[PDB]
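To keep things clear, I will list the structure first and then write my remarks on it.
Hydrogens, waters and symmetry mates play no part in the numbers below; they use all other heavy atoms, side chains included. Throughout, a chain's letter reflects where its sequence line sits, starting with A, and its residues are numbered from 1.
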Amino acid sequence: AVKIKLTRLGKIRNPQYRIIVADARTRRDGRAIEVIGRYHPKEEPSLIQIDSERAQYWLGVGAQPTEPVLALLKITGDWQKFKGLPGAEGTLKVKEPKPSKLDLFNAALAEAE
Amino acid sequence: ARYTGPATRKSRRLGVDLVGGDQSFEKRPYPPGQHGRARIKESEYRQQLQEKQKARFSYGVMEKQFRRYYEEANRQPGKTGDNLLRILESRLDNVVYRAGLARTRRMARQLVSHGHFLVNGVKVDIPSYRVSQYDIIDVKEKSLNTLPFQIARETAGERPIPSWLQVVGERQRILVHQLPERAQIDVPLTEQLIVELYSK
RNA sequence: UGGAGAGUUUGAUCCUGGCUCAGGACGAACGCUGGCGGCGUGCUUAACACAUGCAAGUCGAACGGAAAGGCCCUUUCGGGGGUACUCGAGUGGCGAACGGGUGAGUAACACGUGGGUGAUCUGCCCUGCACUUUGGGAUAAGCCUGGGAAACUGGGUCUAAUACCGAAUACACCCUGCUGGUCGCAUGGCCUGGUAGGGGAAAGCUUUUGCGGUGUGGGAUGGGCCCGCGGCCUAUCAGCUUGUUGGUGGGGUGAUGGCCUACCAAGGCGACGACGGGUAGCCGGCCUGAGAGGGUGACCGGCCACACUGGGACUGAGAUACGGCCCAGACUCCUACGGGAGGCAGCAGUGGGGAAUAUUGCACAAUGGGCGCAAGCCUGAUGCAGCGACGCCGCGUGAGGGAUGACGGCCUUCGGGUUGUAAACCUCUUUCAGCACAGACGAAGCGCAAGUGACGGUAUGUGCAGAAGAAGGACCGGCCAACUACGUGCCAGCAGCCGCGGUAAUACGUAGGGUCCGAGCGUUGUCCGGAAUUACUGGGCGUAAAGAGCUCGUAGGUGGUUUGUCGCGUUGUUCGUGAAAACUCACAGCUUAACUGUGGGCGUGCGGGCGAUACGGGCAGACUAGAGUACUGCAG
């Protein structure tokens, strides 16, 4: 059975994962058929990217997500779109962008004068 | 580690003043030790090495760090000499010193290492920290009333602040517009000699 | 983006030519010394022998059951019955072929890259269609009993199933005969072509988000087999081969095939190095280099091979079956001598070998995996921690002021100079350590329970005190930064080379001074560079090493002028591939950096299509300047 797993990357303290499609018999860090997203739980909103069409294709041929990957697929709405139960709603909480350094630079300059 | 021994020794050996305003170097501008008066044999290697020692004892950078800096500067697509000079100038302690907030580079390094400063809203205590464009270096509120910063904030008539830096706040804020170019560096010595030495 | 030289042959010179040195790197070891942190990394030798403990189980929603908890009836407190919540042992299913280790063997389709399969398999997973009918015989367990020291094992009786077995149906499938169309790349393939004959299965459970069984069509995944090309050293290894080379009929296999076999034919390979010998896991990569190239295969990642040694099959969708079976052998252990047991190259650990390489730690919290409807269980995979300056990176050991420049040391021309702004003193700051308080993220997770982090009360943050607890190593004649004194005298010793020791050594030993590095500094070992010193880039052969004694000629290499054509080389473009990681460019995140992530480039190649025809080549011609023949003379 081909499965949609999470392989581990990053250094010791900070695990950063890749959402890979691979056979269930291969090791965690083995060769991957495809890479269809990444997942970084160390961030405050825990960035999640999933390539929707490839995920749809791999679910269509019958890949089985693991529990963390199933949770992620529900969050991004891909799982619901594949099934069709509540609709395809994006529940993804994207990280709030940080203002530019130039904005703060001019703000400080204006605050000086 | 760090170099803690006498500072005047290096100035006397290298034939130039590195602190900037020291009277002992003027009193005796010749190398230290018993044989500080002997004539020397001339060798290109000696001149290149002394130029490198000047550079890395002005900024207080050890040899391994200096070699890393040279590799980084050579890798960059500019020219090696001014790239190395700008990398050396972008250090946090050097920025603090050129900002008029420290009489000498050693005390600037000591202040930075003690975490008396704060870059971009987050405490930084790393003398080798490199400073990028539009960087705001601030003194933390607790240490604003200390005597070092006191005498730094009431003697703002010393060495001019270079163009690429600008103190804007009465609390002695520092703003960095862009990384300095070779024209505005205003440093002793010759970068070409260092480049020649490190290609040997 | 990008190549640095120096010393040494001579009385002196130039050249040729070797030797040596300055650089970088390491899974390192050794000497002296040693504060901290982050991130990595650690038997390279004996694929030597292994004490001990863990490293593969799970399902009561398949089954008979009731050994242990729960509940309920009962009691003489010995206990007895029921229950099915639950569950030991047992039958049954799935897993155990993955994951983890090692590099012994292997010079090979093992590996890398690109193809082919009209010559093939694929459990679980997804998705169409059709079904899920009917009957039977046992047996484990239980009970009784026997043998044996033990391992283990015999007999009788008894019981269930999704265990096992017979039949029906299927006509989607398998085989055979005839037959149609169609595509080819020849055997052939396709149209589930048509048609006649024969034939091939299944299993129930559970009331709850309900799980299952069989055949068949198509996906997805994982393979198998064949082939082109590519990467070692050795003719002081020239012959090798007899199922060996090909055919036919059989057999065998999932599949083609001397894979096996009977007969037949006599082939097949080899100087483009067969057959032998030696060495070796291969690669992405790593180190070095200006590049070409050279060396290498540690970590991480892919493939292969093996699991005490050597053979063998079995079960299964799948087997080198590490923690399966059978036999033989060596070794270790038990034995009542009849017979039995074992396999660390899994994780720790022990002994041995060695210059040399670690804890018999914590947790399933995260990720991956197995079983289960699920809760859940298992997981020395993994996530962490411990130890070792083993490596990279970062930080500290204080900062400012401080003089006709104190003491001491050392040198002295006896004047003084140097250590030296160094010190003493006056202020300042506390990084890191120490103490106190608070205290994480990693978990939009898991759980229908109320909770859940091994790391860890760590990182971190805030207060407190005080410069307070924090520097050594090599070298100093030249290469090659850095010199004096005393001691010794061809000794003791040093040394990479040149060479230094003969009472006045800048070369030995020690002290002052100095220089280079710095929690390191040196030594040894190994590889690349310097080395244009194997020279493709990029060398040479009169006398320095180097033209065979000279010809003929085989394979090979190479080839005048010109016309047409092919598009093999060559060249342009496009598509597929060239895993990730690594490298490089840019950006982002760790207080910075190392490190990590993201997106390009790179992946120098190979396969398919399309374009070009100058050159090289092939094919078909033409020409005479090369080459040869003819004729007339000529010298020897």
Establish whether C/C129 and C/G215 are paired, applying the Watson-Crick or G-U wobble definition with both distances under 3.5 Å.
-> yes
In whole angstrom, give the distance that lies between atom CD of B/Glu26 and atom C1' of C/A403.
-> 15 Å
Closest to the A/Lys93 side chain, choosing from C/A444, C/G394, C/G514 = C/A444
Worked check of salt bridge (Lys or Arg N to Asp or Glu O under 4.0 Å) between B/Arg130 and B/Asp135 | CA-CA 10 Å; B/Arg130 316 237 300 254; B/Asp135 268 352; over 6 Å; no
Between B/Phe25 and B/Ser11, what is the shortest heavy-atom contact and its length?
-> CE1-O, 3.3 Å
C/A614 glycosidic torsion: syn (within 90° of 0) vs anti | anti
Flag for B/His177-B/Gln133: side-chain donor and acceptor within less than 3.5 Å | no
Looking at B/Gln53, does any N or O in its side chain come under 4.0 Å of the phosphate oxygens OP1/OP2 on C/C517?
-> yes
Between B/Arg13 and B/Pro31, the two heavy atoms sitting closest are NH1-CB, 3.6 Å
Does A/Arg13 have a side-chain nitrogen or oxygen under 4.0 Å from the phosphate oxygens OP1 or OP2 of C/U458?
-> no
Which whole-number value in Å describes the distance from B/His116 NE2 to C/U430 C1'?
-> 7 Å
May I ask you to evaluate whether A/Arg8 reaches the phosphate of C/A366, defined as a side-chain N or O under 4.0 Å from OP1 or OP2?
-> no
What do you reckon, are the aromatic ring centroids of B/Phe117 and B/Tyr129 less than 6.0 Å apart?
-> no
Whom does C/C125 pair with, Watson-Crick or G-U wobble, provided both distances fall under 3.5 Å?
-> C/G219
Under 4.0 Å between any heavy atoms, over every strand shown, what does B/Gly36 touch: base, sugar-phosphate, or nothing? Just pick one.
-> nothing
Using a cut-off of less than 4.0 Å, is there contact between a side-chain N or O of A/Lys42 and OP1 or OP2 of C/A366?
-> no
Any side-chain N or O of B/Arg28 less than 4.0 Å from the OP1 or OP2 oxygen of C/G417?
-> no
Between P of C/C395 and CG of B/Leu92, the distance in whole Å | 11 Å
Distance check: side-chain N/O of B/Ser24 vs OP1/OP2 of C/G420, anything under 4.0 Å?
-> no
Which glycosidic conformation, syn or anti, is assigned to C/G557 if syn requires a torsion within 90° of zero?
-> anti
Go ahead and name the base partner of C/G434; Watson-Crick or wobble counts if both distances stay under 3.5 Å, otherwise write none.
-> C/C464
Looking only at side chains, do B/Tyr30 and B/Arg37 share a donor and an acceptor under 3.5 Å apart?
-> yes
Closest nucleotide among C/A594, C/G512, C/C516 to the B/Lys52 side chain = C/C516
Could you check which of C/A444, C/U221, C/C411 has an atom nearest any side-chain atom of A/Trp58?
-> C/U221
Ignoring backbone atoms, establish whether B/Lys142 has a side-chain N or O less than 4.0 Å from OP1 or OP2 of C/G463.
-> yes
From C/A399, C/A220, C/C516, nucleotide with atom closest to B/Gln110 side chain | C/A399
May I ask you to evaluate whether B/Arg9 reaches the phosphate of C/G514, defined as a side-chain N or O under 4.0 Å from OP1 or OP2?
-> yes
Quick one: is C/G396 close enough that its OP1 or OP2 comes under 4.0 Å of any side-chain N or O from B/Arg109?
-> yes
Think A/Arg25 has a side-chain N or O under 4.0 angstrom from the OP1 or OP2 of C/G99?
-> no
Any side-chain donor-acceptor pair under 3.5 Å between B/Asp125 and B/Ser113?
-> no
Please state how far atom CZ in B/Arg67 lies from atom P in C/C517, giving the value in whole angstrom units.
-> 10 Å
Identify whether C/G478 and C/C497 are a Watson-Crick or G-U wobble pair (both distances under 3.5 Å).
-> yes
Would you say a side-chain N or O of B/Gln23 is under 4.0 Å from OP1 or OP2 of C/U421?
-> no
Is there a Watson-Crick or G-U wobble partner for C/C32 with both distances under 3.5 Å, and which nucleotide is it?
-> C/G520
Counting Watson-Crick and G-U wobble pairs only, both distances under 3.5 Å, name the nucleotide matched with C/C606, or none.
-> C/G576
Using both distances under 3.5 Å as the test, list the Watson-Crick or G-U wobble partner of C/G349, or none.
-> C/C50
Given C/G301, C/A399, C/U484, which nucleotide is nearest the side-chain atoms of A/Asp29?
-> C/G301
Decide if a Watson-Crick or G-U wobble pair links C/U562 and C/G621, counting it only when both distances are under 3.5 Å.
-> yes
May I ask whether C/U244 and C/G539 form a pair, defined as Watson-Crick or G-U wobble with both distances under 3.5 Å?
-> no
Which whole-number value in Å describes the distance from A/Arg31 CZ to C/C303 P?
-> 7 Å
When both distances are under 3.5 Å in a Watson-Crick or G-U wobble arrangement, the nucleotide paired with C/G354 is none
Between A/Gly60 and B/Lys10, which has a closest nucleotide on RNA chain C that is more 5'?
-> A/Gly60
Can you check whether any acceptor in the base of C/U431 is under 3.5 Å from a donor in the side chain of B/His114, or vice versa?
-> yes
Determine: side-chain N/O of B/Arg2 to OP1/OP2 of C/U431, distance under 4.0 Å, yes or no.
-> no
Residue pairs meeting salt bridge (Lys or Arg N to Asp or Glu O under 4.0 Å), one or both in residues 29-44 of chain A, sequence neighbours left out, come to A/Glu34-A/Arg54
Could you check which of C/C395, C/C124, C/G368 has an atom nearest any side-chain atom of A/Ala1?
-> C/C124
Proximity to the side chain of B/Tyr45 - top-ranked nucleotide from C/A444, C/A385, C/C480 | C/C480
Short side-chain N/O contact from B/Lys41 to OP1 or OP2 of C/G478, under 4.0 Å | yes
Does a donor on one side chain and an acceptor on the other come within less than 3.5 Å for B/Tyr70 and B/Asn74?
-> yes
Does A/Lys3 put a side-chain nitrogen or oxygen below 4.0 Å from OP1 or OP2 of C/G369?
-> yes
Give the rounded distance in Å between these two atoms: CG of B/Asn145 and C1' of C/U429.
-> 13 Å
For the pair made of OH in B/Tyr30 and P in C/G513, what is the distance, rounded to whole Å?
-> 16 Å
Ignoring hydrogens and angles, state whether a donor on the side chain of B/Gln48 or B/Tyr198 is under 3.5 Å from an acceptor on the partner side chain.
-> no
Based on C1'-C2'-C3'-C4', put the sugar of C/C26 on the north side (positive) or the south side (negative).
-> south
Candidates C/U584, C/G599, C/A594 - which lies nearest the side chain of B/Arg75 | C/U584
Closest to the B/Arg13 side chain: C/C595, C/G514, C/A519?
-> C/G514
Can you check the B/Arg37 CZ to C/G417 P distance for me, whole Å?
-> 9 Å
Under a 3.5 Å limit on both distances, do C/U8 and C/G513 form a Watson-Crick or G-U wobble pair?
-> no
Residue B/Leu147, side-chain heavy atoms: nucleotide from C/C428, C/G513, C/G394 that is nearest = C/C428
Which base sits across from C/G230 as a Watson-Crick or G-U pair, both distances under 3.5 Å?
-> C/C111
Could you check which nucleotide pairs with C/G64 in any of the strands shown, counting Watson-Crick or G-U wobble with both distances under 3.5 Å?
-> none
Taking for each residue the nucleotide of RNA chain C bearing the nearest heavy atom, is the 5' side occupied by B/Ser43 or by B/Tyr3?
-> B/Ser43
